[PDB]
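Step one of this worksheet: look at the structure below.
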Amino acid sequence: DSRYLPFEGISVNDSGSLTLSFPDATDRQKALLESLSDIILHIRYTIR
Amino acid sequence: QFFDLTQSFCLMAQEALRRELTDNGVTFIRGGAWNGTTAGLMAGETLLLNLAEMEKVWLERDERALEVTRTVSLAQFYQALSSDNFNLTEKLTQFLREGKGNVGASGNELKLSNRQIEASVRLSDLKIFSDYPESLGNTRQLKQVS
Amino acid sequence: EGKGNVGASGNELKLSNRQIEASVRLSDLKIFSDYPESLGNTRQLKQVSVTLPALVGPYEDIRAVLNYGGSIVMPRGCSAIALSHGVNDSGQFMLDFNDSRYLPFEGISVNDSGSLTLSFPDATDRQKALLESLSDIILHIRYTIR
Amino acid sequence: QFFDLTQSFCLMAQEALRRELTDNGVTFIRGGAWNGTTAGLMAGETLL
């Protein structure tokens, strides 16, 4: 892509944190989240 | 008016090059392109030289990067933390049955704020630099996350 | 036993530091003999992929680096790839044979006296289970004849 | 300054051709494009 991808440029040693948020988890997504097994992140990085 | 816009484009073009080389110290638009001794003329020619210098350093210091994939299981990550650990499935189901919850240290945390659940993972705590030897390069940055 | 060395220089399997390394000399593959001496004298690599038929658990990634050690002048960053899944792995997020930039290992003569080296970091250590399960190493080398 | 950058681009363009033909002996940028008799003019035309 001619435009920057999301999260591109973030140093892999960054002291900041990624946050995954599920709205209405009480509420409309209780059934889904109770069935959730875990959370998987597929992070791809480059080495120079 | 056109010089103001044109130099603005040059500056945001310089910022793109700084991001690609990860070197904030490089400077090519040095000011003084518009000089009173020439009534503002030769401003574009000066900026053309600056852009040409930008391209030359870009071509000379460009590098094909090693492209790595890292898979992270949040259940594994939260359980293996040294100091402030917890269990992802048990705490998640607990937070849903009683609509309150908070567990973990700041940065590596699972909480139910408002009516929204939130899982926090600190990037430096994944220790991705340790996955490969300290050689092979010092610039390791994210490209895409799924 | 976390020590080891076997083979001549260039065609060698060793465990240096806590890292295992497999060396294969390019000229010893006798790739010129695969086709008659006619049809062209210029035979150079174009792209190299690696397959690792092992039993790796889900959400676990292979960590290996294929490296070129010869003396032929290379473009910046085109002397190594990083394997992370091992199934026809090219080390690239999206391989393209029409790329405007040189592919890794491209331009190396198929008669080169240098050697390719596959390295597994943390083989003592976090990847002991994977390497004990490894069946062998397969190189998918693509080259051109002129 | 522009001639310095332009001739540098020509050289790395020549090196790309040498890699593609696998012939290091071919030479096209022979020097003297900038000549003192014309105060440096006609340099771009020579490189073309």
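Labels for the structure tokens follow display order: chains A, B, ..., residues from 1 in each chain, ligands from 1.
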Write out as a PDB file with C-alpha atoms, in the first residue's frame the set of residues from chain A that DSSP, computed on the backbone, places in alpha helix (DSSP H).
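Final output, saved to result-v1.pdb:
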```pdb
ATOM      1  CA  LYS A  30     -21.689 -11.779  27.075  1.00  0.00           C
ATOM      2  CA  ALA A  31     -22.424 -15.041  25.254  1.00  0.00           C
ATOM      3  CA  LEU A  32     -19.536 -14.542  22.822  1.00  0.00           C
ATOM      4  CA  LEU A  33     -16.910 -13.599  25.415  1.00  0.00           C
ATOM      5  CA  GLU A  34     -17.874 -16.373  27.847  1.00  0.00           C
ATOM      6  CA  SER A  35     -17.217 -18.784  24.960  1.00  0.00           C
TER       7      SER A  35
END
```
Next on the checklist: What are the residues of chain C lining chain A at 10 Å or less? Count only C-alpha atoms, and put the answer as a list in words.
Outcome noted: residues 59, 76, 77, 82, 92 and 93 of chain C
Checklist entry - Could you list, as a ChimeraX atom specification, every residue of chain A that has an atom within 6 Å of an atom of chain B, counting only C-alpha atoms? => result /A:8-25,34,38-48
Written file, previous selection with C-alpha atoms, as a short mmCIF file (atom, residue, chain, number, x, y, z; two decimals), in the first residue's frame:
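Listed below is the output, result_2.cif:
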```cif
data_model
loop_
_atom_site.label_atom_id
_atom_site.label_comp_id
_atom_site.auth_asym_id
_atom_site.auth_seq_id
_atom_site.Cartn_x
_atom_site.Cartn_y
_atom_site.Cartn_z
CA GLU A 8 3.62 0.59 11.42
CA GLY A 9 6.70 2.39 12.72
CA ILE A 10 6.18 1.49 16.38
CA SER A 11 9.44 0.26 17.86
CA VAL A 12 9.15 -3.33 19.06
CA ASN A 13 10.75 -2.23 22.36
CA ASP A 14 8.09 0.44 22.99
CA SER A 15 7.05 1.01 26.60
CA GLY A 16 3.45 1.62 25.50
CA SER A 17 0.77 -1.03 25.45
CA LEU A 18 -1.78 -2.46 23.03
CA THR A 19 -5.37 -2.62 24.30
CA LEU A 20 -8.17 -4.83 22.98
CA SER A 21 -11.65 -3.61 23.95
CA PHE A 22 -15.03 -5.36 23.67
CA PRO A 23 -17.97 -2.94 24.00
CA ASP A 24 -21.29 -4.14 25.44
CA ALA A 25 -19.83 -7.22 27.12
CA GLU A 34 -17.87 -16.37 27.85
CA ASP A 38 -8.10 -16.85 24.56
CA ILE A 39 -6.76 -13.92 22.52
CA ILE A 40 -4.13 -14.34 19.79
CA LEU A 41 -2.02 -11.49 18.39
CA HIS A 42 -0.32 -11.90 14.99
CA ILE A 43 2.36 -9.20 15.11
CA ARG A 44 4.68 -8.88 12.10
CA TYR A 45 7.83 -6.77 12.35
CA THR A 46 10.91 -5.94 10.28
CA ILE A 47 14.60 -6.03 11.23
CA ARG A 48 17.15 -3.56 9.87
#
```
Next on the checklist: Please find the residues of chain C near chain B - the criterion being any atom within 9 Å, counting only C-alpha atoms - and write them as a VMD selection string.
Outcome noted: chain C and resid 59 to 61 63 to 65 75 to 78 80 to 85 91 to 93 101 to 104 121 to 122
For C-alpha atoms, I'd like the residues from the last selection saved as a PDB file, in the first residue's frame.
```
ATOM      1  CA  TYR C  59       0.841 -20.555  18.449  1.00  0.00           C
ATOM      2  CA  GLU C  60       4.584 -21.359  18.444  1.00  0.00           C
ATOM      3  CA  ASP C  61       6.871 -19.908  15.773  1.00  0.00           C
ATOM      4  CA  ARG C  63      13.021 -18.910  14.555  1.00  0.00           C
ATOM      5  CA  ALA C  64      15.785 -19.425  11.990  1.00  0.00           C
ATOM      6  CA  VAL C  65      18.049 -17.309   9.783  1.00  0.00           C
ATOM      7  CA  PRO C  75      22.628  -5.157  -2.349  1.00  0.00           C
ATOM      8  CA  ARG C  76      21.963  -3.948   1.181  1.00  0.00           C
ATOM      9  CA  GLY C  77      19.916  -6.476   3.144  1.00  0.00           C
ATOM     10  CA  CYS C  78      19.821  -9.163   0.430  1.00  0.00           C
ATOM     11  CA  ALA C  80      19.745 -13.204   4.612  1.00  0.00           C
ATOM     12  CA  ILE C  81      16.125 -14.209   5.206  1.00  0.00           C
ATOM     13  CA  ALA C  82      14.263 -15.056   8.416  1.00  0.00           C
ATOM     14  CA  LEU C  83      12.091 -18.175   8.504  1.00  0.00           C
ATOM     15  CA  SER C  84       9.080 -18.155  10.820  1.00  0.00           C
ATOM     16  CA  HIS C  85       6.699 -20.939   9.679  1.00  0.00           C
ATOM     17  CA  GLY C  91      11.019 -15.061   4.630  1.00  0.00           C
ATOM     18  CA  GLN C  92       8.829 -12.383   3.017  1.00  0.00           C
ATOM     19  CA  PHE C  93       5.368 -11.146   3.966  1.00  0.00           C
ATOM     20  CA  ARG C 101      14.093  -4.424  -5.878  1.00  0.00           C
ATOM     21  CA  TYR C 102      16.475  -7.367  -5.961  1.00  0.00           C
ATOM     22  CA  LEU C 103      15.197 -10.504  -4.259  1.00  0.00           C
ATOM     23  CA  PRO C 104      17.283 -12.026  -1.449  1.00  0.00           C
ATOM     24  CA  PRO C 121      18.951 -19.477  18.012  1.00  0.00           C
ATOM     25  CA  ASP C 122      18.081 -20.808  21.473  1.00  0.00           C
TER      26      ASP C 122
END
```
Enumerate, in order of chain and increasing residue number, the residues of chain B with an atom no farther than 8 Å from chain D, each with its shortest atom pair and distance in Å to one decimal, counting only C-alpha atoms, as JSON lines.
```
{"residue": "B:49", "atom": "CA", "partner": "D:2", "partner_atom": "CA", "distance": 6.4}
{"residue": "B:52", "atom": "CA", "partner": "D:5", "partner_atom": "CA", "distance": 7.3}
{"residue": "B:53", "atom": "CA", "partner": "D:5", "partner_atom": "CA", "distance": 7.1}
{"residue": "B:56", "atom": "CA", "partner": "D:5", "partner_atom": "CA", "distance": 7.1}
```
Preceding selection exported with N, CA, C and O atoms as a PDB file, in the first residue's frame:
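After the write, selection-v1.pdb holds the following:
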```
ATOM      1  N   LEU B  49      17.078  21.144  -5.300  1.00  0.00           N
ATOM      2  CA  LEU B  49      18.339  20.586  -4.826  1.00  0.00           C
ATOM      3  C   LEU B  49      18.149  19.841  -3.511  1.00  0.00           C
ATOM      4  O   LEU B  49      18.730  18.769  -3.305  1.00  0.00           O
ATOM      5  N   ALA B  52      16.506  16.533  -4.244  1.00  0.00           N
ATOM      6  CA  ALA B  52      17.452  15.624  -4.883  1.00  0.00           C
ATOM      7  C   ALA B  52      18.423  15.033  -3.867  1.00  0.00           C
ATOM      8  O   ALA B  52      18.794  13.858  -3.965  1.00  0.00           O
ATOM      9  N   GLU B  53      18.856  15.839  -2.895  1.00  0.00           N
ATOM     10  CA  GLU B  53      19.708  15.320  -1.830  1.00  0.00           C
ATOM     11  C   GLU B  53      18.967  14.288  -0.989  1.00  0.00           C
ATOM     12  O   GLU B  53      19.552  13.283  -0.568  1.00  0.00           O
ATOM     13  N   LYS B  56      18.948  11.025  -2.857  1.00  0.00           N
ATOM     14  CA  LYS B  56      20.259  10.384  -2.889  1.00  0.00           C
ATOM     15  C   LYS B  56      20.550   9.642  -1.589  1.00  0.00           C
ATOM     16  O   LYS B  56      21.039   8.507  -1.611  1.00  0.00           O
TER      17      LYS B  56
END
```
Next on the checklist: Could you work out which residues of chain C fall inside 12 Å of chain D? Count only C-alpha atoms, and format the result as a PyMOL selection string.
Outcome noted: chain C and resi 41-44+46+72-75+100-102+106-109+144+146
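In this structure, atom CA of residue D:17 sits 28.0 Å away from atom CA of residue C:25.
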Item to check | Surrounding residues of residue D:30 excluding itself and chain neighbours under 4 positions, 12 Å, only C-alpha atoms, as a PyMOL selection string | outcome: chain D and resi 7+10-11+14+26+34+46-47
Go ahead and dump the residues you just picked, N, CA, C and O atoms, as a compact mmCIF listing (two decimals), in the first residue's frame.
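Everything below was put into result.txt:
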```txt
# COMPACT_ATOMS: atom_id res chain seq x y z
N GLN D 7 25.56 12.91 -11.42
CA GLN D 7 26.56 11.93 -11.82
C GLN D 7 26.60 10.74 -10.87
O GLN D 7 26.88 9.62 -11.29
N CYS D 10 23.92 8.50 -12.03
CA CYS D 10 24.34 7.81 -13.25
C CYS D 10 25.22 6.61 -12.93
O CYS D 10 25.10 5.55 -13.56
N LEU D 11 26.13 6.77 -11.96
CA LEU D 11 27.05 5.69 -11.63
C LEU D 11 26.32 4.48 -11.06
O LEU D 11 26.63 3.34 -11.41
N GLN D 14 24.59 2.76 -13.75
CA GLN D 14 25.52 1.94 -14.51
C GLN D 14 25.83 0.64 -13.78
O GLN D 14 25.96 -0.42 -14.41
N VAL D 26 31.91 -3.19 -18.91
CA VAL D 26 31.26 -2.14 -19.68
C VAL D 26 31.34 -0.82 -18.91
O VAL D 26 31.11 -0.77 -17.70
N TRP D 34 31.60 17.34 -17.36
CA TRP D 34 31.82 18.73 -16.96
C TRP D 34 33.18 19.15 -17.49
O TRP D 34 34.22 18.64 -17.04
N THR D 46 25.49 15.69 -22.04
CA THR D 46 26.45 14.60 -22.16
C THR D 46 25.97 13.36 -21.40
O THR D 46 26.08 12.24 -21.91
N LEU D 47 25.43 13.55 -20.20
CA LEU D 47 24.95 12.41 -19.42
C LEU D 47 23.73 11.77 -20.06
O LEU D 47 23.53 10.55 -19.93
```
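Excluding residue C:70 and any residue on its chain fewer than 5 positions from it, the residues at most 9 Å away by only C-alpha atoms are residues 108, 112, 113, 114, 115 and 116 of chain C.
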Keeping only N, CA and C atoms, write the selected residues as a short mmCIF file (atom, residue, chain, number, x, y, z; two decimals), in the first residue's frame.
```
data_model
loop_
_atom_site.label_atom_id
_atom_site.label_comp_id
_atom_site.auth_asym_id
_atom_site.auth_seq_id
_atom_site.Cartn_x
_atom_site.Cartn_y
_atom_site.Cartn_z
N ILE C 108 23.79 -14.14 -6.95
CA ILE C 108 24.87 -15.02 -6.54
C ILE C 108 25.05 -16.11 -7.59
N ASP C 112 29.30 -20.47 -6.83
CA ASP C 112 30.01 -19.75 -5.78
C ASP C 112 30.66 -20.72 -4.80
N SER C 113 31.89 -20.39 -4.39
CA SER C 113 32.60 -21.19 -3.41
C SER C 113 32.16 -20.90 -1.98
N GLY C 114 31.33 -19.88 -1.77
CA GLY C 114 30.78 -19.60 -0.46
C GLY C 114 29.69 -20.58 -0.09
N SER C 115 29.20 -20.44 1.14
CA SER C 115 28.25 -21.40 1.69
C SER C 115 27.06 -20.69 2.32
N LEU C 116 25.90 -21.33 2.23
CA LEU C 116 24.71 -20.90 2.94
C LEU C 116 24.69 -21.55 4.32
#
```
Next on the checklist: Report, in Å to a single decimal, how far apart atom CA of residue C:110 and atom CA of residue C:142 are.
Outcome noted: 10.1 Å
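Between atom CA of residue B:78 and atom CA of residue A:28 the separation is 26.0 Å.
These are the residues of chain A assigned strand (DSSP E or B) by DSSP from backbone coordinates: residues 11, 17, 18, 19, 20, 21, 22, 40, 41, 42, 43, 44, 45, 46 and 47 of chain A.
Among the candidate residues B:6, B:102, B:82, B:50, the one lying nearest to residue B:30 is B:50, with distances computed using only C-alpha atoms.
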Next on the checklist: Residues within 10 Å of stretch 8-23 of chain C, please, as a PyMOL selection string. Count only C-alpha atoms; anything in the same chain fewer than 4 positions from it doesn't count.
Outcome noted: chain C and resi 2-4+27-28+64-69+113-125+127+131+137
Let me see the file: selected residues, C-alpha atoms, as a tab-separated table (two decimals), in the first residue's frame.
```tsv
chain	number	residue	atom	x	y	z
C	2	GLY	CA	25.38	-29.10	24.43
C	3	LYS	CA	28.54	-29.34	22.33
C	4	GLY	CA	29.17	-30.55	18.81
C	27	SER	CA	29.64	-25.20	-5.47
C	28	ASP	CA	29.38	-28.66	-3.88
C	64	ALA	CA	15.78	-19.42	11.99
C	65	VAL	CA	18.05	-17.31	9.78
C	66	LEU	CA	19.41	-18.37	6.39
C	67	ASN	CA	22.63	-16.49	5.63
C	68	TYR	CA	25.06	-16.09	2.73
C	69	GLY	CA	28.77	-15.98	3.56
C	113	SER	CA	32.60	-21.19	-3.41
C	114	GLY	CA	30.78	-19.60	-0.46
C	115	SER	CA	28.25	-21.40	1.69
C	116	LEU	CA	24.71	-20.90	2.94
C	117	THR	CA	24.23	-21.25	6.70
C	118	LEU	CA	20.99	-22.01	8.55
C	119	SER	CA	21.04	-20.95	12.20
C	120	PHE	CA	18.56	-21.76	14.97
C	121	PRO	CA	18.95	-19.48	18.01
C	122	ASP	CA	18.08	-20.81	21.47
C	123	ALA	CA	18.55	-24.47	20.55
C	124	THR	CA	19.28	-25.57	24.11
C	125	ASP	CA	16.79	-23.74	25.37
C	127	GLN	CA	13.79	-24.70	20.51
C	131	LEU	CA	14.96	-29.50	16.56
C	137	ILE	CA	16.10	-29.44	5.94
```
